[PDB]
Amino acid sequence: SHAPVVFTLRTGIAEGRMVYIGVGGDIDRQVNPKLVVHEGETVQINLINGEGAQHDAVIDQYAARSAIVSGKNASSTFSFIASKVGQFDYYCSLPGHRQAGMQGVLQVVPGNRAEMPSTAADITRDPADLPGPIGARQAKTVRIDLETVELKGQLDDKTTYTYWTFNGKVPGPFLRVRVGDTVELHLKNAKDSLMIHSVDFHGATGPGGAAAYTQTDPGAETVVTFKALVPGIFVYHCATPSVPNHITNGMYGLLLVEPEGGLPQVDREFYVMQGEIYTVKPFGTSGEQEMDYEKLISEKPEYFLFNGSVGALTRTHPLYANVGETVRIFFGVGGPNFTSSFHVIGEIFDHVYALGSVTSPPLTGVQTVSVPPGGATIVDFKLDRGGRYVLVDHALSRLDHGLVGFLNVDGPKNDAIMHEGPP
Amino acid sequence: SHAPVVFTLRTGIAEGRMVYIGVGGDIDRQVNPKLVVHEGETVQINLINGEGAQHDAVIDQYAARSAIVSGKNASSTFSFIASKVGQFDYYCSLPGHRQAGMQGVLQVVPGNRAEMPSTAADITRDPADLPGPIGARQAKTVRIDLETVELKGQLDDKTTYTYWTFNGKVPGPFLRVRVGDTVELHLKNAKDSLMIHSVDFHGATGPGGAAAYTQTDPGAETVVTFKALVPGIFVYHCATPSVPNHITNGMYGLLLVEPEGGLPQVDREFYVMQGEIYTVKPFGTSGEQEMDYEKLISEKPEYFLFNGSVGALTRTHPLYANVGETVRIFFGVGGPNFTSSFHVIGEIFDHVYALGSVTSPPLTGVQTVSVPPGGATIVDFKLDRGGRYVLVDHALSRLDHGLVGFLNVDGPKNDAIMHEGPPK
Amino acid sequence: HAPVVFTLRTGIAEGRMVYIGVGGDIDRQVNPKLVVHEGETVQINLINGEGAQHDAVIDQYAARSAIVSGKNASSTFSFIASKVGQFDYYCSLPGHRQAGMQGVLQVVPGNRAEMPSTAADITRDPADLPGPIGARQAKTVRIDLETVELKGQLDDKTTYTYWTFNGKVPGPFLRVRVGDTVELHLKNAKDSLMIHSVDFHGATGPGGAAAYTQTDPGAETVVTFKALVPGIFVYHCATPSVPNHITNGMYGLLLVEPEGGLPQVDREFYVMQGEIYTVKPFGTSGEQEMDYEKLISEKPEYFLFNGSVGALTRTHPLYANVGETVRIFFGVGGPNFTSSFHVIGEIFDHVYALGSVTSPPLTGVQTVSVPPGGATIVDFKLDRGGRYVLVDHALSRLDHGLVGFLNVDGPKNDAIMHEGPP
Ligand SMILES: [Cu+2]
Ligand SMILES: [Cu+2]
Ligand SMILES: [Cu+2]
Ligand SMILES: [Cu+2]
Ligand SMILES: [Cu+2]
Ligand SMILES: [Cu+2]
Ligand SMILES: [Cu+2]
Ligand SMILES: [Cu+2]
Ligand SMILES: [Cu+2]
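Chains as they are written, first to last, in the entry's author numbering: chain A, 26 to 448; chain C, 26 to 449; chain B, 27 to 448.
This is the structure we're talking about:
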């Protein structure tokens, strides 16, 4: 799996013994915690040396072990497939350390892990929730209605956060117009909002990209009209101070201004945006997470997310496509701070629209593309064959902060394009 | 200015009461500080939970409030326009917290905020301070004179720093030659310099980009000649160790090697460079700031700056242009460490010279371009209509570290391109 | 001229106001002797420890720091150790020298000897790659990779446990033609603790081959895949934690040549940038160990070309001749940081943007952003001689081991660059 079940153990002294102590998740501060895993899950165990003796973790029946960690903070991670149901000791093999207390149980339970019933609204934008290509048609007046909504959202399994959104989801609505169109934008700020909200479209020309006309009090409405003068794939975002705050909380989306031709014909389109959340408590902490101002202004986030939540594009709203289809992903970074090294594991980009230019010729045969915050791009590729294709920021530590998505495509394991064994 | 006046409050216990405590700026460590703002200013208040009780901040007459912050370090920022002159209580609405001492005054004063008289040299390069297009002319020998000067500069309103510069400004002089030119470079290191200084031009071919010939002792002079073989927009920087130190302190600039044709004709040109400063004390601290080596080598800066100073391109040397003009910005990142997501709020780049290639066809209709440290680019756009256009690194937390500039363009508020209300 | 660096923190020790050494051969020593060889460039970083006013001065070099006042206030200075002998570094602030702020710089004749190595050399020579494939038809190509866990020389008195393809970092340079059918054998060495795998960015299907190559120690997996698209592709291990497998050294480049081949060039080089996340700071001697909290927080200690400090300066530098066109295949294993790749004293004639081998290259480029899991191609003509220096232009990474040399014999002064006026 590309979504391993992760457990962090720190060695130390508790309850009169030399033990493993759980870090984060369902095992925080528990001594020799039981690691509950479901049959067939991939298990990642991070061992961190707490007190400075020599330590490993060993599981005999999986021939799985860490390396020996010697100094304080010295770490070793290992993984395995929980293929066998039952109870298995994890223990330290260093002389006497197991006798001294360094031992817990891995419990592998049959059947699939249930989802933890959510407590807050699902704020994840489905990646299939966008308008399709506009017909060929004349330029015209297009009315767009945006509502700024502050609301608690399900950030992770067992963890919530107060999102600020366009229309109660992250990212906001995918806006699709034709170059030459006149956009009549209505911004309604919900009555229950504490904050003023606004919108800056990177595809609008004039003060604040519409921000200077859309500073909207709670329960109020602003209306701005602007001409879509330039074709492109544009991030829009709130532009009420603190703008970084409004952005991290989830107030970003994409505006496609289609060129006169339309974009190249493609079978299937997807809407994906990357952003960061800056919480007081580390990634994996249960309960209501809260915003950490010092982390926000210093660019030290805890969550890296596709479409608003951990599991957004894996559990709650994954991407589905069919072999033979050409796929387009509209990909933008709300941010507010980090440049994505956007990549799809198992695929190569046939076309990449450089710096989100829809008028310059796209680059061809590209593995990975840098997308800045307040930037967007378009990638397309042909699904020649089946598999689970995985969306990542290839700054891959961000896997361990919630940043991973699935493109699910039914087809055989083995064909002429990729198979096990030789010809 | 729409530039927000910012105040940070930490909740805690002081003077035997549960209070707000000021963080940084003119309010550092003051309990229930008076927040002085001028009529019509935009006010940003950052509330940070200090001790771990439930808190907000409320201002009744502005219907302005934070969210409730519960745990230690839990934060909520809110803003509003200081539209009414007078005195207004900010207070915590949690049961009993106001009675317990959580209350201060917002003072909204008539008239415009005065600027603090500066203490140190203005080290900000005006963005209009560059040579215009070279005529059509033959390749020739061009003598360039650079002087490396160490000097105290006005980093912010009430805060100074010891800059290292080419010719007493940040960025250094804009150097403009034609491909094929022979450059006769004289580097004079001022008598009063403590450090050796040098120059590496990204547009020069050979040892250290000229650095191996320009290691200049204080009071001394080096002369190097080099041929401008390749057209491009090149960052030059000091290359005396620690190079990152020489760069953060302000020793970076742009060399344009014009292609034979010249660059496309445009109405107005601008010179902008982004860099970082790594200070012991946080952004917003008054007095003489000093360099923090552990922050520099760990890439944890306090200041993100256009042309050397906070307010460089907003207060002291903003950009001015007229509706209808095509504008070119020569934009480079001295760094030394951070990639800029360069963007102008309210405009789209008609042309972007990707990776500073002046010979490859530019990209078209681009919102935002990544520029690496030791990289530069060219963007142009037509000012279709009026406004204050805002230069940013779209890693927008860097707003809160001094990184913002203004392009001022007078014209009506409402025209056919953007206006309030629906279409007519 | 890769500077010898010494860090001094001011403080109180042995009943005196002193300099205290930080890292290297001088960690925690009071008024440490700074041993330097004739003609070396010396960088001294002064950091204020206790909060009095301080500088460091060396009279016979007219070299000094600035005065540093507050706690953590810093000043670095450098000079060329041109004169052999012993020279006092001291604080010039009133009475501070008398109070104990004084040590000796010792400048010794002759070149610094190399530290005898303790662990295997894990640095890939940048010249160790297959040359251009002839013009030829698509065919079946068998590639053999072995995943080897082994102790390597991270720095000249510092070791680390590397995970590698074939015992070097980066892994083998794989070179095929578009249309080729790749028969990949992955052998995981018997002595490995971890499962290993490979994801090629140039393969189409589950995990870029990772889903077929999860290989137990002492075992072998075989996957076949068609190189459908030309490009310069990073490959890496894709066994969890993938970031862990990557930082430890499991990354390399696959060139899928376009039908034409790449433009003719005199000399080719293989360079990859990555990070290592150690418990102890950069410059610490002995067995370094991995710091998980630093890895997931993206706070590395080592920024490296081809696996080691001195990889492309001391142990395996780049060599070329004036007049030659040079191509560098440059990729970022990472796992986390985007390189601002630049060669000091050169300009890129061609840059293959985002590693596109089919789209026209950009021309006359100083510096190119390469993301982690990204690669590019740059070429340039060596018009003249010199030591050309490969850097990430996020230049604080110099102070974490990230620097390489391209050595090219030729005169100091020619018509392209020289000392006097013309
Ligand atoms: Cu143990
Ligand atoms: Cu908002
Ligand atoms: Cu924006
Ligand atoms: Cu309170
Ligand atoms: Cu300098
Ligand atoms: Cu440089
Ligand atoms: Cu002293
Ligand atoms: Cu591996
Ligand atoms: Cu990859």
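We treat Cβ as the ideally placed atom computed from N, Cα and C, and that holds for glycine.
DSSP three-state assignment for residue i, whether helix, strand or coil
i                 : result
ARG423 of chain C : helix
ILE84 of chain A  : strand
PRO29 of chain C  : coil
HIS444 of chain C : strand
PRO158 of chain B : coil
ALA379 of chain C : helix
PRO387 of chain C : coil
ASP405 of chain B : strand
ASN270 of chain C : helix
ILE93 of chain C  : coil
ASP53 of chain C  : coil
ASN71 of chain B  : strand
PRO120 of chain B : coil
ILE148 of chain C : coil
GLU283 of chain A : strand
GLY275 of chain A : coil
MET127 of chain A : coil
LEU288 of chain C : coil
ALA99 of chain C  : strand
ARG410 of chain C : coil
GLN240 of chain A : coil
Contact belief for residue i with residue j at Cβ below 8 Å, rounded distance in angstroms
i                 : j                 : result
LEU330 of chain B : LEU428 of chain B : 7 Å
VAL396 of chain A : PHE367 of chain A : 5 Å
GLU372 of chain A : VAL249 of chain B : Their Cβ separation, rounded to whole angstroms, is 16 Å, which puts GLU372 of chain A and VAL249 of chain B out of contact at 8 Å.
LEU155 of chain B : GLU294 of chain B : 6 Å
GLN392 of chain A : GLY400 of chain B : 7 Å
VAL56 of chain A  : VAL44 of chain A  : 5 Å
I'd like the ranges of any beta strand (DSSP E) spanning at least 3 consecutive residues and lying wholly in the region 293–375 of chain B.
293–302, 328–331, 344–347, 351–360, 365–370
In chain order, what are the residue ranges of uninterrupted alpha helix (DSSP H) at least 4 long that sit wholly in the region 166–237 of chain A?
none
Residues with C-beta closer than 5 Å to any heavy atom of ligand 5, in chain order
The filter returns C:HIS222, C:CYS263, C:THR265, C:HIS271, C:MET276, in chain order.
Considering only heavy atoms of ligand 4 and the C-beta of each residue, which residues fall inside 5 Å, strictly closer?
C:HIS80, C:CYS117, C:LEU119, C:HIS122, C:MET127
With 8 Å as the limit, tell me which residues of the region 224–238 of chain A have their beta carbon closer than that to any beta carbon of chain C; keep them in chain order.
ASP225, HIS227, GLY228, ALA229, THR230, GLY231, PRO232, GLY233, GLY234, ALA235, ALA236, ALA237, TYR238
Taking Cβ-Cβ distances below 7 Å as the criterion, which residues of the region 164–180 of chain B are in contact with chain A?
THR166
Can you give me, in chain order, the residues of the region 319–344 of chain B that have a beta carbon less than 8 Å from any beta carbon in chain C?
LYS325
Of the residues that make up the region 123–138 of chain C, which ones have a beta carbon closer than 7 Å to any beta carbon in chain A?
Against chain A - using a Cβ distance shorter than 7 Å - the region 123–138 of chain C contributes no residues.
Which residues, in order along the region 80–107 of chain A, keep a beta-carbon less than 8 Å from a beta-carbon of chain B?
Shown in chain order are the members of the region 80–107 of chain A whose Cβ falls below 8 Å from a Cβ of chain B: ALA88, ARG90, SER91, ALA92, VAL94, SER95, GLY96, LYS97, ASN98, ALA99, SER100, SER101, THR102, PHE103, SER104, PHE105.
For the region 193–209 of chain A, list every residue whose C-beta sits within 8 Å of some C-beta in chain C, in sequence order.
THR207, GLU209
Positions along the region 305–317 of chain A whose CB lies within less than 8 Å of some CB in chain C:
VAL305, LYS306, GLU313, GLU315, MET316, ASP317
Residues of the region 47–76 of chain A in Cβ contact with chain B at a cutoff of 7 Å, in chain order, please.
Answer in chain order: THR67, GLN69, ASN71, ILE73.
Select from the region 376–387 of chain B all residues with a C-beta closer than 7 Å to any C-beta belonging to chain A, and list them in chain order.
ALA379, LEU380, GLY381, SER382, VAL383, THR384, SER385
In the region 363–376 of chain A, which residues sit with their C-beta less than 9 Å from some C-beta in chain B, listed in chain order?
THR364, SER365, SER366, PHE367, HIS368, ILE370, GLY371, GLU372, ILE373, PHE374, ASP375
Got a sec: which bits of the region 265–295 of chain B sit with their beta carbon under 7 Å from any beta carbon on chain A, in order along the chain?
Cβ contacts with chain A: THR265, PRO266, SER267, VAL268, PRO269, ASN270, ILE272.
Given a limit of 7 Å on CB to CB distance, which residues of the region 403–423 of chain C reach chain A?
Sequence-ordered contacts of the region 403–423 of chain C with chain A read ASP409, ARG410, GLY412, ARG413, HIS419, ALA420, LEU421, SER422 [C-beta pairs closer than 7 Å].
Short of 8 Å Cβ to Cβ, which residues in the region 140–155 of chain B face chain C?
none
Short-range partners of chain C found in the region 387–399 of chain B, where Cβ spacing is below 9 Å
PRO387, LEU388, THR389, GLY390, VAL391, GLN392, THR393, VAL394, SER395
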